[PDB]
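# Descriptive structure summary
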Amino acid sequence: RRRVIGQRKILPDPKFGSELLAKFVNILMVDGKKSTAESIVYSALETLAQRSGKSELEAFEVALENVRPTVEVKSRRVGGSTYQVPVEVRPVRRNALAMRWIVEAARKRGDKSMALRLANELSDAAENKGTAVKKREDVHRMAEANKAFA
Amino acid sequence: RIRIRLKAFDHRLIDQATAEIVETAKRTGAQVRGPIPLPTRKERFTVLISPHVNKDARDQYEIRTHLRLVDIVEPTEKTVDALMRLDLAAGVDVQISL
Amino acid sequence: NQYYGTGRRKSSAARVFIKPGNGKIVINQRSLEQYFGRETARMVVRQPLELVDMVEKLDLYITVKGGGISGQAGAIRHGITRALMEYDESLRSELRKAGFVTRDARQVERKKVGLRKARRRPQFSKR
Amino acid sequence: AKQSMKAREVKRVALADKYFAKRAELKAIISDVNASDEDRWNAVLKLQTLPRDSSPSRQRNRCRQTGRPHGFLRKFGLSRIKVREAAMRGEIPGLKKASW
Amino acid sequence: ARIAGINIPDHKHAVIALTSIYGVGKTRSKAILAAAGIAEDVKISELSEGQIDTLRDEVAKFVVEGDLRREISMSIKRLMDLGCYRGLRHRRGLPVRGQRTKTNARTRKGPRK
Amino acid sequence: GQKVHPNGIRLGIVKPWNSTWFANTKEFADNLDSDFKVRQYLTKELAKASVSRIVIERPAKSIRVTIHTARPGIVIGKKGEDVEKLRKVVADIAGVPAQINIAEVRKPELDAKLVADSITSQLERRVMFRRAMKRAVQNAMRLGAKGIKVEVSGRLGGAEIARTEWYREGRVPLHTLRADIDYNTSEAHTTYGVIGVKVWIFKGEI
RNA sequence: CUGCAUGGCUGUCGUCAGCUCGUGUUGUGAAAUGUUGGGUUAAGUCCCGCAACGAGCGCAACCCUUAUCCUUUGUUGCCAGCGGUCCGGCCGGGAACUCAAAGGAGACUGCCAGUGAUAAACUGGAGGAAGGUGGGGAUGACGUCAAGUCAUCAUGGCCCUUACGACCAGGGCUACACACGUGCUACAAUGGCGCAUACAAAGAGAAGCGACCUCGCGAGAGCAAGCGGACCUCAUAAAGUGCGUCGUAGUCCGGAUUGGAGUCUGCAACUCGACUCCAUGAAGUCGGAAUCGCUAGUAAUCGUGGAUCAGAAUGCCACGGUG
RNA sequence: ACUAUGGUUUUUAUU
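Now for a look at the structure at hand. (Residues numbered from 1 in each chain as written, not as in the entry; some residues may be left out. Chains lettered and ligands numbered in written order. Part of a larger assembly, values for the part shown. Heavy atoms only, no water.)

On the surface, a cluster of positive charge is contributed by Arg8, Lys23 and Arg100 of chain A together with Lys10 and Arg106 of chain C. Mapping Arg8 of chain A onto the fold places it in the segment before α1 (20-23). Exposure remark for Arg8 of chain A: the relative accessible area of 68% places this residue in the exposed category. (Patch = residues over 30% accessible without salt bridge, like charges linked within 9 Å, V, L, I, M, F, W, Y side chains within 5 Å. Areas by Shrake-Rupley, 256 points an atom, 1.4 Å probe, with all protein chains shown as cover. Salt bridge = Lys/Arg side-chain N within 4 Å of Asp/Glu carboxyl O. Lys, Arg positive; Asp, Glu negative; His and termini not counted. Charge placed at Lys NZ, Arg CZ, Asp CG, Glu CD. Helix = DSSP H or I, 4+ residues; strand = E, 2+ residues; numbered from the N terminus. Buried < 20%, exposed > 50% of the residue type's maximum accessible area, 1.4 Å probe, protein only.)

It is worth spelling out the interface of chain F and chain B at this point. You'll often see interface size given as the accessible area lost when the parts meet. In this complex, chain F contributes 8 residues to the contact, which on the side of chain B involves 8 residues. Between chain F and chain B, the buried area comes to about 570 Å², and carbon and sulfur atoms account for 70% of it. Run the count over chain F and chain B and you get 0 salt bridges. Between the two partners, chain F and chain B, sit 1 residue pair in polar contact. Its residues assigned to classes, the side of chain F that touches chain B shows 5 nonpolar, 1 polar and 2 charged. (Contact = heavy atoms within 4.5 Å. Buried area = accessible area lost by both parts, 1.4 Å probe. Polar contact = N/O pair within 3.5 Å; in protein donor to acceptor, adjacent residues only side chain to side chain. Nonpolar A, V, L, I, M, F, W, Y, C, P; charged D, E, K, R; others polar.)

Tallying each qualifying case throughout the model produces 12 aromatic pairs over all chains. Taking 5.1 Å as the distance between ring centres and 25 degrees as the angle between the ring planes, the aromatic pair formed by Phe9 of chain B and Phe22 of chain F counts as stacked. Here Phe22 of chain F lies in the segment before α1 (28-45) and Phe9 of chain B lies in the loop between β1 (5-8) and α1 (11-27), a pairing that spans two chains. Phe9 of chain B sits in the buried class, given a relative accessible area of 15%. On the accessibility criterion, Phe22 of chain F (26% relative accessible area) is partly exposed. Where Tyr4 of chain C meets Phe17 of chain C, the ring centres are 4.8 Å apart and the plane angle is 50 degrees; that geometry is what we call tilted. Linking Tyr4 of chain C in strand β1 (residues 3-9) with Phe17 of chain C in strand β2 (residues 12-20), this pair joins segments that are 13 residues apart in sequence. (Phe/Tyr/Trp six-rings, centres within 6.5 Å; stacked < 30°, edge-to-face > 60°.)

In this section: α1 of chain B. Residues and elements named next belong to chain B. Taking 1.5 Å per residue as the helical rise, α1 with its 17 residues ought to reach 24 Å, and the 24 Å between its terminal C-alpha atoms agrees with that figure. Of all the positions in α1, only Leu13, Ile14, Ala17, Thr18, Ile21, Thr24 and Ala25 are classed as buried. The buried residues of α1 occupy an angular sector of 130 degrees when projected down its axis, which confines them to one face. The exposed residues of α1 that point more than 90 degrees off its buried face are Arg12, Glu23, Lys26 and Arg27. Check the buried side of α1 and you find it contacts β1, β3 (58-68) and α2 (79-82). Its side-chain oxygen 3.0 Å from the backbone nitrogen of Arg12, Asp10 forms the N-cap of α1. (Expected span 1.5 Å × (residues − 1). Arc of directions from axis to C-beta.)

All right, on to the protein's contact with RNA strand H then. Taken together, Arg77, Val78, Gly79, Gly80, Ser81 and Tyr83 of chain A together with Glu160, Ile161 and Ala162 of chain F make up all the residues around RNA strand H. Looking at RNA strand H alone, sugar and phosphate atoms form 35% of those within 4 Å of the protein. Within the side chain of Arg77 of chain A, one N or O atom sits 3.4 Å away from a base oxygen of RNA strand H. Here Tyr83 of chain A contributes a side-chain N or O atom positioned 2.9 Å from a base nitrogen of RNA strand H. The set of elements that each furnish at least two residues to the surface near RNA strand H consists of β1 (71-78) and β2 (81-88) of chain A. For the surface near RNA strand H, the residue count by class is 4 nonpolar, 3 polar and 2 charged. (Near = heavy atom within 4 Å.)

This is how it looks when you write it as C-alpha cells:
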C-alpha cells in the first residue's frame, strides 16, 4: 500500500532491429534457462516457413497485429460482491499483452513440441477458435455485452 | 634470521603487541623489515536458542582469529633474547623456531 | 601509453588494459568474439566498445577469474569503461550517460535461518 | 546425570594409562583371521573378551558440568545448552554475537 | 503385440525386449545379443531380420517363470510349514524387508476406493 | 518473555574475554575445562572475599589472575605467605606455576557485584528488603550513579507470592549500546526457595 | 509428580510505536491534558498548534557486514615496471594490480524544480561510486497468549527407596483397523542418457583428508607424499553448450516389491544399519472440493560443503551457477 | 461502497 516503483527501459537488438527480442526472451522463460529461450525464440517460423510472408526479420512481430488486444478484465471486490470490468489496454502494456497472448498454446495443447503448437496456433490467428483462445476471445464478450461503464 | 609468530583474537591488540616488538627490534638491530598484515580468519555459527523446541530459530555468532609474523632480518639473535625479557601487551601467543 | 580499469560483479573481478593503435581482443588468452560464443551476456562486453567502433582503432587485453560467466561479463563492462574513459576523455561523459561507469550492485543474498531455499519461505496452510 | 556414569568416565581416563600398552595389542591378536582350526589363545580368550569399555563405541564427550549425554560440538568443546551462559560470561575466547 | 514373450508392448528397445516376461535380467538382456551378433540399437516390433527368433531357447534353458519363482523361493523351502519370520511372511501376502504399514501399503493389498 | 544478559549482550562492542589461552581444537574441551576448573574454585574461595570481578589469563605453561576486592587485607597476609598458599593451590589445579594480582576497589558501593552483596547478605539475614534496597539505590546515587534499578524475584519475605519489585531511580537505558550498564544476578536460598536479586547501574554514556 | 507453587532461562504480536515520571490545569473520581488534532514520516519521526511545560525508556543512531575514491604497505594470495632467464611468480624483487591490511576522504535532502503551511516532507531533476531508510543483517521497550522449561541448573511441597533404582545378559521406542502434513522423484521433448567441454564459491581435514600407484566389476583394501593452514589432500562443481538418440510407447524412462553375492563398523547387524554389484519386477500418461512462496540477483532450479558420530540421514545449517 | 443468506465454540487457579 505504500511501496512505489516503475518499469525498466530496454533497448532494440543490434541484429533484429526490434524491441520484441529484448523482452520476449524473458517470456515463456523458466528455471533461469535463457539459453533454452534463445533456442526456441521464433523457432515456429521454420514450421511456418511456407506461411511466413516477406522478411523473416519481422515475420513474428507482424503476428501481434492479428493478436490485436483491445481490453483486459480486472476483477475486485467492493463490500461482499466481486465485480468484473473490461478496460481498454494501456499505451505500452497493449504490446505486453499481445506478447503474452501469443504463447498461450506453446505447451497446453496436444500437438507436441513448442514450435508445432505455436505454428498451428499462429495459423488460427485470424478467427481465433477451439482450444487455447479462451483468454483472448472470452475477454471480448464482456466488452460487447456491456458498453456503459464507470 | 627468523619469524616471530604472534597470534591473537583482536586487531588493536596484535598491533599494540607488534608496536613493542618493532621498537625492541630497533633497540637491538637499528632497523626493521616492517609490516606483514595477512588475510584475517573468520568463522560463523548458528546456535539454537531453545534446548529442545524451536528448530527454526538460530542466533548468528562469529569467532575471528589474527596472525602476525614480524620477520627479523638481522642474524644477531639480540631481539630473540630481548623478546624473552619484554613486557608485552596481554592476550597473545609468541613462538620462535630457527 | 597503456590505460587500465578494474571491474566487479557478484564477487567476480576483471582486470582490463587498453592501448592506442588497432589490434587484439583478448580474454584469458582467448578471443572476445569466441569466449562469449553463445552466452546470454555476450553483448554486455560490447556496449562500450561499440561506442568507439571496435577492432578498427585500439588494442584490448582482459584477465578475469572466479564466479559466473555473466558475472565476469558484467565486471568486464566496468573494466573496459574505466580504461576507455581515460583513453578518450571526450567519451567520459558519454559513458556516464550510458551508465556503464557505475559499480554493479547485483551482489548475491545469503540463506536465512528457518528457510531452506535462499529466501523462499517454507509453506504453511493451516493450524 | 548419574553418579555411576561419571565414575566409569573417570576410570576410562585411567584405562588409557594401563590398556593401550599391551591389552589393545592382545585385542588385535585375538581379532586376527590368518589361522584356521588351530589353537593359540584357548586359555586366554576369556581373559580378553572380559574388557569392554575399551571399545570405540558407546562413548560421547558429555558435558563436564552437567554430565549431559548429547549436545556436544567439537568447535566449542562445550555442550550446546551451556554456550549461551558462557558467551554472556565471556568464558570462551574470540566468541561474539554479531549477525552479517 | 506379444512378439518377445508374454508382455504386450508393440515397439520396444532391443537391449531390454526380454524384460518383464520372467526369464532375463537387465544386463543379460544385452549380453544375450552380443553372443549371437544381434544388434543392440533400434526398437523392434516384429520377427524380422533374425533379431529375436534366434533367442527362444537361450532364454528357456535357465530358470524361467515358475522355475525362477521356485528358485527365489529356496529362501523359504525350510519354512513351508514353520512360520519363523520369512515363513509366515510368505504363507500370507506380507512384507519381509520392513514395511511402514501406517502409510505406503496400497501396493501390498489393493488400491484405495 | 525477557531475553539476554544486560552486560553479556555488550561483549559485541569489541570487548576482551575473561580468559585468553591458545590450544589446537583437538584439546579444546579440556583446555576450556581447565578454565572452568580454576574459575569455579577461585569464585568458590572468593565468595566472601569482597571481590567485584575476576579475570583469568593463561600464557604458555603459565597462569596469571587479576582479582578486584574492596578489602585486599582478607586475601593477602603474613609477609605475603597467606596468598603464597593460594598461589600453591591454584597451581595444583592449573597444572602450571601461577601469578596472583590483587587490585583494590574504590567506591565499592557503586559496583554491581558489591551492591548485590549489600542486598543478598541482608536478604539472607531476613532484613526488610524494600528498605535495604531503597538505601542501596539512594547510596549509589550519592556515591556516583546517574541511574539505578535493583529488582527482587520470588518468595518476597517468605510469602506465597512470586512477581518482582524494584522502584527505579534516575535513567537506565535498555537498548543503547553507548550506555555501559554495570550488572549482577544473585541467589540467597535460605530454606524455602532460591530468592533471587538483579541489579543495573548507569554512570553516564561512553 | 506439580512451571497455573517458584528463582533462572527461552518464545509471540513486532521490531508494532508504543509505556511512563515530574510539574501546571481539569474531574467528586476512575482518568484525561500531555501521548489527541493538523501537515508529514519508516516511526510518540519531523514540523505546526492548543492549558499544557518538560523529562525518562522504546523508536533513529551507537553493534555486524558491504559498496568507492585517494595514499602507503604485504604472507604460502598478486605480477604493471626492473635484474636473472628455457622462459615459469620460477629465482632476485616489487608492493602497480585482482586480493589483503592500515592511513585518509565521501552523503548532508547539501544543490536545482514543483508540490506543501515560504515548515517538515514527497516526487521529479542535477552532480556522485553511493540519495532521500544506500544494499543486507544484531538489537524487543510497556503489553498479550497465566506461551513454554521441575528435562540443564537451583528449589518449596508431593512420591518411590524389602523400589519404578542401576550393575549385568537382554526387550520396546522404525508395532497400524487411515488419512493428512513434511521431504522427494518420475509422468519428460522447453526432456533424459552417454561422451566431450565452458564458468565456481564456501568449508572441513594428525587413530584426519588421503594424492601417485596397485588390487577388488565396486563398495573397499594396501604401499605411501604433504598439511595443521592461502602448502597437500576431499575435488576436473553440476545445471549450460555441442553430437548422437528417443518421438504416447503405461517409454532408453521410472523403479515400490524382492532373491542372491560382496564391502564396512562392532563384543554382536536378521529384526529396526550403511555401501556396492548382479537378477526380477507393480505403480506413474496429469491429477477433486482446494492451497502456497517471492517485489530482484529475490521466485525459479541444479550443483558443493558443515555439524552430530563405532557404524548410517533424504531432517538441520552453509556457499556458488543461470536467472 | 451493498454479495443472496446461516447457527454454535466446556471449565478453572496472580493469591
